Amino acid sequence: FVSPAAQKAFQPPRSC
Amino acid sequence: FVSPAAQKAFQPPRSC
Amino acid sequence: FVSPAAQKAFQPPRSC
Amino acid sequence: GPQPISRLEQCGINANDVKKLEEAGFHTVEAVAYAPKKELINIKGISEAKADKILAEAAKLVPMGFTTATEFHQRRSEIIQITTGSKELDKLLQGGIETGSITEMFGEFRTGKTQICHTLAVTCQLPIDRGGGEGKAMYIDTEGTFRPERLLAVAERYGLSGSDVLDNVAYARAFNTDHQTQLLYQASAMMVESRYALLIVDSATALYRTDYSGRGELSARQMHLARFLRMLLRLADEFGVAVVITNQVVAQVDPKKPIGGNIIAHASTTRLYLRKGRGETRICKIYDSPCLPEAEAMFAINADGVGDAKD
Amino acid sequence: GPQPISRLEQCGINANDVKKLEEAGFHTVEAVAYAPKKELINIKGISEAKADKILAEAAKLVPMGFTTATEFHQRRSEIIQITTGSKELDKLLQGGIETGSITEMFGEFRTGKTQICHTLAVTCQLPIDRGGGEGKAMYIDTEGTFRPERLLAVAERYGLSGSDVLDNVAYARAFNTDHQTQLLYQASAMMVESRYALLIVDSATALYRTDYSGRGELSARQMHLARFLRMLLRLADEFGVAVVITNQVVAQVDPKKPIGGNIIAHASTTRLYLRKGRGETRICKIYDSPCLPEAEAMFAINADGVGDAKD
Amino acid sequence: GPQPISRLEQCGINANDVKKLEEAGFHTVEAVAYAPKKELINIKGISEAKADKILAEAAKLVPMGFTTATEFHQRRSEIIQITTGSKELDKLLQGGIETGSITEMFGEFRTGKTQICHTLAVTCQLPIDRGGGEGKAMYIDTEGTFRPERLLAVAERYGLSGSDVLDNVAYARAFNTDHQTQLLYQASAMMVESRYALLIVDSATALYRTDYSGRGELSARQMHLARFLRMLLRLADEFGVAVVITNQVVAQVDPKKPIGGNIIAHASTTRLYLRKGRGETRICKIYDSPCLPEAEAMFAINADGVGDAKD
DNA sequence: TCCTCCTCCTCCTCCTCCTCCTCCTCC
DNA sequence: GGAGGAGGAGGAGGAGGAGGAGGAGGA
Ligand SMILES: Nc1ncnc2c1ncn2[C@@H]1O[C@H](COP(=O)(O)OP(=O)(O)OP(=O)(O)O)[C@@H](O)[C@H]1O
Ligand SMILES: Nc1ncnc2c1ncn2[C@@H]1O[C@H](COP(=O)(O)OP(=O)(O)OP(=O)(O)O)[C@@H](O)[C@H]1O
Ligand SMILES: Nc1ncnc2c1ncn2[C@@H]1O[C@H](COP(=O)(O)OP(=O)(O)OP(=O)(O)O)[C@@H](O)[C@H]1O
Ligand SMILES: [Ca+2]
Ligand SMILES: [Ca+2]
Ligand SMILES: [Ca+2]
Ligand SMILES: [Ca+2]
Ligand SMILES: [Ca+2]
Ligand SMILES: [Ca+2]
């Protein structure tokens with residue numbers, strides 16, 4: 001299957 | 001199809 | 001068709 | 001990006017057939033265009049009449065004809081090259097891991113194959129300014145050696161939210177060779193929604209040594225491996241991701257050639273041979289490439305991922 | 001050059017039929033002359049009455065009878081042989097890659113098959129004085145390994161406008177075996193307009209290993225490959241270009257014979273077997289040829305294309 | 001020699017009919033005598049009344065009855081056997097390539113099929129003292145592999161005027177299976193004028209693999225091939241030439257049997273199977289013959305044509 | 001500074017022409 | 001001088017193609 005978070009789209013990794 | 005440049009005829013390669 | 005030389009008759013191959 | 005298969009309904013295709021196509025792996029118009037007529041016939045609710053219609057309509061939506069090397073050199077110069085996290089190594093690859101192609105990294109144990117895949121799985125999310133791909137990563141793992149703590153260590157180096165980086169890595173553990181191929185069909189679905197920029201199969205041939213035993217199963221082993229490597233090449237053209245597979249080695253007793261035989265030697269465009277250097281240093285080497293010259297570089301495995309020889 | 005099919009209208013052929021022929025691949029009078037009666041019947045708007053007329057009229061325009069070896073040795077001595085960019089290699093081929101024939105280059109990975117095709121795609125544009133073909137190039141690529149930057153590197157060697165050389169290479173990426181054959185019909189159209197002097201299919205048999213899986217699809221695989229190789233032979237006679245196909249290899253486990261079987265062994269006139277030498281050197285070998293003796297040469301892959309062993 | 005068809009007018013045949021016969025392929029009295037009544041009926045301006053007259057008159061000019069084995073053993077002992085340019089090979093064939101019969105040479109690629117045909121095309125012109133045929137050669141080529149420079153290399157070996165030898169080889173390139181048969185009708189005309197001593201079709205079955213695709217066209221393929229092989233047998237009886245056809249091979253996947261099926265296995269009287277030896281040596285083998293015992297010989301391809309193993 | 005052995009795998013369709021035959025009755 | 005009637009009866013098989021796919025160090 002697909003995870004409920006793997007189906008989420010890409011997110012530009014915020015800095016830290 | 002054919003490219004707008006692939007349909008162009010041969011050109012003797014100029015020197016450099 | 002036939003060539004102007006293919007219609008020519010056999011020739012014993014001369015030596016060399 | 002790639003056009004989704006739903007755009008076929010607007011061109012005179014029964015929305016039932018699109019559902020019959022999407023149940024066969026095809027999710028983009030490209031996947032149907034690049035497909036042979038033979039594959040669509042093998043679908044149940046599809047006949048030779050429909051397949052000729054599907055191929056004809058789809059071919060109108062995507063260019064499948066001749067162009068010029070000038071128009072191709074232009075389109076190629078805008079291709080993304082993901083950095084490997086090593087200035088010395090990127091100078092060998094003339095930019096970095098190239099997208100839209102299959103790259104192979106083989107070598108003995110400990111030579112840093114899995115470590116490069118962990119660094120790549122992070123640096124593929126950096127903005128292109130910093131040398132990345134600005135996309136998610138997809139890490140198919142056939143060994144159980146996927147360590148998230150190695151992704152956090154690399155995110156700290158590049159100053160990224162370690163919690164956010166781990167959200168962009170779609171991990172999947174393949175347990176046999178059939179499951180390894182099944183994961184690619186599900187992979188083609190996800191890449192339509194999100195924007196993945198790197199596909200990693202490590203190891204691509206680990207499960208082929210044991211699922212197919214002796215020589216009696218050799219023919220079936222390579223034909224099954226050829227379909228897998230072909231299905232990867234399709235993903236590289238559909239979505240323009242970067243496929244980075246790793247390969248094990250084998251000794252020749254007649255001194256270490258990679259496994260997979262000629263099936264994996266021809267399929268992969270770039271091959272990197274990783275040796276063991278000294279201490280924590282390793283030696284990568286352009287084993288095969290269409291453009292790069294045969295040369296060697298020296299990288300190292302550091303506590304913050306793959307990096308230059310810290311010496 | 002070849003006579004265009006429009007010259008059939010001036011001999012008593014309905015201009016509608018010429019349009020029905022040109023929709024079937026035929027674009028020159030030769031293509032219709034060399035064609036069997038069976039092929040023209042397979043066209044819809046053509047009957048056995050028309051086909052007998054078409055074949056009869058076309059046969060009057062092109063010689064299809066006997067001649068003498070003297071008249072053939074004369075016409076053959078004026079054939080173009082494209083240089084391979086290597087003095088040592090051309091001395092093996094007694095001139096270079098011969099036009100009007102199918103040449104095959106097989107070998108393991110990295111052996112320089114794609115590299116020779118890139119050098120040939122450039123040197124085929126040099127004037128015949130310098131050993132070329134004075135024509136465009138057509139590079140069908142079934143692997144995604146066409147690198148324009150390798151054409152520029154060779155143009156710099158021969159002092160050519162790198163921007164002008166890339167305008168004479170018609171590139172096309174084949175995605176399956178059906179598409180690979182479809183590209184040849186479009187290829188016959190382009191060669192009527194411009195003047196192409198070299199056709200390159202690399203790899204010719206790459207997509208046949210995966211599209212046709214096991215032995216159950218073996219018969220259909222070779223019959224589909226036989227039509228492809230036959231359609232290439234037709235281009236070599238229609239336009240007198242030089243067909244240079246590359247082939248992968250396979251191990252024999254009973255030590256590397258080329259794939260394709262007897263279908264590709266008989267069809268190709270010249271076969272070049274490329275080994276791996278030392279460092280950057282390679283070893284070509286006349287595997288099969290009607291005229292050339294069995295011998296080996298040693299070339300190398302340099303940063304400016306294929307050249308002699310720079311050692 | 002064979003009597004020309006003009007001798008039928010002197011026996012009560014309308015000179016218009018002879019022109020209607022000569023437009024159907026018949027050029028000698030034999031060709032009309034050996035022909036069935038069915039073939040002459042199939043001609044337009046010929047009826048069953050004429051055909052019975054034509055057959056009756058022609059039968060009076062050529063013996064078509066019984067004789068004795070003694071009278072046949074006498075007439076056969078004066079038959080010409082052309083040398084193959086190899087003492088070791090002629091000792092296998094007990095003289096050489098026998099005229100008045102169909103000989104077949106099949107084998108894998110490079111095994112020297114085309115090379116033997118080039119040697120035969122030269123040695124068929126030597127005087128019978130030296131083991132030849134004292135006649136011209138006719139080289140139908142269905143592959144594009146006819147090299148005149150290989151005829152000159154053999155003429156230098158036997159000390160012949162290379163310019164004169166190339167005048168005795170009537171070359172013709174067949175482009176499909178219909179054209180391949182059409183060339184035989186024109187061939188029967190030439191052999192009436194000159195004195196040809198060797199007919200070569202290489203390859204006889206090359207174009208039948210591709211013009212007739214799958215099994216659906218198998219029946220039509222062999223019936224078309226049977227007429228071709230039958231039309232060759234007629235030339236061997238009309239003019240007493242030597243027919244030497246070459247054949248490709250195919251693997252059996254149930255290890256290389258020749259193609260053509262039973263149609264070409266029964267038709268040919270002598271079959272030579274050519275293997276690959278070592279280096280430049282080859283191994284011919286009497287595969288089938290009415291008189292010769294099953295045995296193997298070892299010849300080689302040298303820079304001056306086919307010759308004995310120069311070792 | 002030397003050394004060697006191993007095996008299994010299936011699928012493929014299309015093909016037309018053919019002729020002769022006769023006896024019979026009442027108002 | 002007048003006044004048409006009544007269908008029967010199947011034969012006869014041809015013709016093969018097309019190879020793939022390397023693994024595994026010891027002391
Ligand atoms: N956090 C770390 N810091 C430093 N070195 C590390 C770290 N993690 C692993 N290594 C080193 O990296 C190497 C492991 O490399 P990697 O996991 O890529 O192996 P591999 O090539 O995938 O091997 P295999 O074929 O066994 O899977 C070892 O030398 C190990 O000591
Ligand atoms: N610019 C270059 N300079 C020097 N060597 C190069 C260069 N580009 C490629 N090479 C070398 O040439 C070889 C690649 O050859 P090529 O691309 O022709 O392979 P191939 O025979 O087509 O292989 P495959 O079957 O994998 O497609 C490698 O050894 C590579 O290192
Ligand atoms: N002049 C020559 N000197 C020596 N050997 C030669 C010469 N010309 C060709 N050969 C060799 O002869 C062989 C070619 O044989 P040939 O042309 O008869 O092939 P073939 O059996 O017709 O093959 P195919 O089925 O591909 O047509 C090759 O081994 C080639 O190297
Ligand atoms: Ca690993
Ligand atoms: Ca490769
Ligand atoms: Ca290549
Ligand atoms: Ca060949
Ligand atoms: Ca040949
Ligand atoms: Ca026989």
# chains A, B, ... in the order shown; residues from 1 in each chain; ligands from 1
$ residues_near_ligand --ligand "ligand 7" --cutoff "9 Å" --atoms "only C-alpha atoms (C1' of nucleotides) and all ligand atoms" --output "count of residues only"
15
$ residues_near_ligand --ligand "ligand 4" --cutoff "12 Å" --atoms "only C-alpha atoms (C1' of nucleotides) and all ligand atoms" --output "MDAnalysis selection string"
chainID D and resid 105:118 140:147 200:206 245:249
$ select_by_dssp --residues "segment 13-191 of chain F" --states "strand (DSSP E or B)" --output "JSON, numbers by chain"
{"F": [28, 81, 82, 97, 98, 101, 102, 103, 104, 105, 106, 107, 136, 137, 138, 139, 140, 141, 169, 170, 171, 172, 173]}
$ atom_distance --atom1 "atom CA of residue 19 of chain F" --atom2 "atom CA of residue 58 of chain E"
25.3 Å
$ atom_distance --atom1 "atom CA of residue 92 of chain D" --atom2 "atom CA of residue 282 of chain E"
22.3 Å
$ residues_around --residues "residue 16 of chain A" --least-positions-apart "6" --cutoff "9 Å" --atoms "only C-alpha atoms (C1' of nucleotides)" --output "PyMOL selection string"
chain D and resi 156+159-162
$ residues_around --residues "segment 8-14 of chain C" --least-positions-apart "5" --cutoff "9 Å" --atoms "only C-alpha atoms (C1' of nucleotides)" --output "list in words"
residues 3 of chain C; 125, 126, 127, 134, 135, 136, 159, 160, 161, 162, 163, 164, 165, 167, 168, 193, 194, 195 and 196 of chain F
$ atom_distance --atom1 "atom CA of residue 80 of chain F" --atom2 "atom CA of residue 307 of chain F"
20.2 Å
$ closest_residue --among "E:32, E:153, E:199, E:166" --to "ligand 2" --atoms "only C-alpha atoms and all ligand atoms"
E:153
$ interface_residues --of "chain F" --to "chain H" --cutoff "10 Å" --atoms "only C-alpha atoms (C1' of nucleotides)" --output "ChimeraX atom specification"
/F:209,213-223,250-255,259-263
$ write_last_selection --atoms "C-alpha atoms" --output "compact mmCIF listing (two decimals), in the first residue's frame"
# COMPACT_ATOMS: atom_id res chain seq x y z
CA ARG F 209 12.76 -15.27 -44.58
CA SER F 213 6.74 -13.47 -42.45
CA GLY F 214 5.12 -15.87 -40.00
CA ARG F 215 3.49 -19.25 -40.24
CA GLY F 216 0.43 -17.69 -41.82
CA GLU F 217 2.50 -17.20 -44.97
CA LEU F 218 4.43 -20.46 -44.67
CA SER F 219 2.52 -22.43 -47.29
CA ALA F 220 2.85 -19.68 -49.89
CA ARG F 221 6.53 -19.33 -49.03
CA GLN F 222 7.48 -22.91 -49.83
CA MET F 223 5.31 -23.15 -52.94
CA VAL F 250 18.40 -21.47 -38.12
CA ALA F 251 18.72 -22.72 -34.57
CA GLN F 252 16.56 -25.50 -33.16
CA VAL F 253 15.55 -24.53 -29.64
CA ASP F 254 14.15 -27.87 -28.42
CA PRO F 255 22.00 -27.34 -33.15
CA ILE F 259 16.28 -23.25 -43.56
CA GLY F 260 14.02 -23.91 -46.51
CA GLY F 261 12.49 -26.99 -44.97
CA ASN F 262 11.90 -30.19 -46.88
CA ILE F 263 11.30 -28.25 -50.09
$ closest_atom_pairs --of "chain G" --to "chain E" --cutoff "10 Å" --atoms "only C-alpha atoms (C1' of nucleotides)" --output "JSON lines"
{"residue": "G:6", "atom": "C1'", "partner": "E:254", "partner_atom": "CA", "distance": 9.5}
{"residue": "G:7", "atom": "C1'", "partner": "E:254", "partner_atom": "CA", "distance": 8.7}
{"residue": "G:9", "atom": "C1'", "partner": "E:215", "partner_atom": "CA", "distance": 6.7}
{"residue": "G:10", "atom": "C1'", "partner": "E:216", "partner_atom": "CA", "distance": 4.1}
{"residue": "G:11", "atom": "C1'", "partner": "E:216", "partner_atom": "CA", "distance": 4.2}
{"residue": "G:12", "atom": "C1'", "partner": "E:219", "partner_atom": "CA", "distance": 6.9}
